[PDB]
């Protein structure tokens, strides 16, 4: 057989494509996370956070999911909630784009808009109030600290990279949001496969908080246009111990690099995908990395309307 009992179980097995106009002699290869149920790397963790919450008794028939997000992880949780029969509340500011509202209403989400002036703070409060209102009803899965998040990457994303390269991967380049990807991938290859690879974290030069921490310098975040990376703090799901190297990238370059992915490689991916590649391209063009296979996570699919396509 090979028929998924629901859409959640179809996560991953995403492809590796070799880049032609990046790297040297084809040392740069990309893994298309756009090719997922809800079209992002995130529905891997959408799937396993719900599954883990089930297995350990925190999520049960009748019980409902609450989360203060509207990005790839909201969409991801939505599809699994729809797929598995959970009611879901996502809180976000009333200033969110009609687009994202429409997409999430479509997936059967109860949309609680919070005050726009309260920014993201205010959506987090409103989620948290709903949870205090009845703690036997609503569950917050908490992507930033939930081990289920990096656990899925250790069990699927990581092994898939091992498999499809035949143990030949030397370098892994992954933008950091929750840190879940890099953490899980790196644990799989270094610890379950026993290969001493170079794991490279990627962050906005505008918010170089991983770089600052490790240098022992004032953590100072700021705004950037690289959606889904550069949270402005070190997440619990970032395991600083498996990070070999930290590469910073600027918005403009992430943008331009995602543009190039389209017109020169024919790969529709997101801003963070560009960020990831510019970092890899830089590494790949250093002689110390000449004869080394570098693998890059492209987190999302390009189909948007705001800076780029």
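Numbering follows the first chain given and starts at 1.
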Problem set entry | Segment of higher mean CA temperature factor, 169-177 or 138-146 | 138-146
Exercise. Between 297-305 and 10-18, which has the larger average Cα B-factor in the PDB entry?
Worked result: 297-305
Seminar exercise, completed: Based on the PDB entry, the highest CA temperature factor among the options 155, 99, 164, 239 is that of 99
For this session: Using the entry's values, work out which of 34, 62, 266, 46 has the largest Cα B factor.
Result: 62
For this session: Please rank the C-alpha B-factors of the chain's modelled residues and tell me whether residue 57 sits in the lowest, middle or highest third.
Result: highest
Seminar exercise, completed: Of the three thirds of the chain ranked by Cα temperature factor, residue 204 occupies the lowest
For this session: Would you mind ranking residue 110 by its C-alpha B-factor against the rest of the chain and naming the third, lowest, middle or highest?
Result: highest
Problem set entry | Ranked C-alpha temperature factor of residue 228 among modelled chain residues, by third | middle
Problem set entry | Assigned third (lowest, middle, highest) for the C-alpha B factor of residue 70 | highest
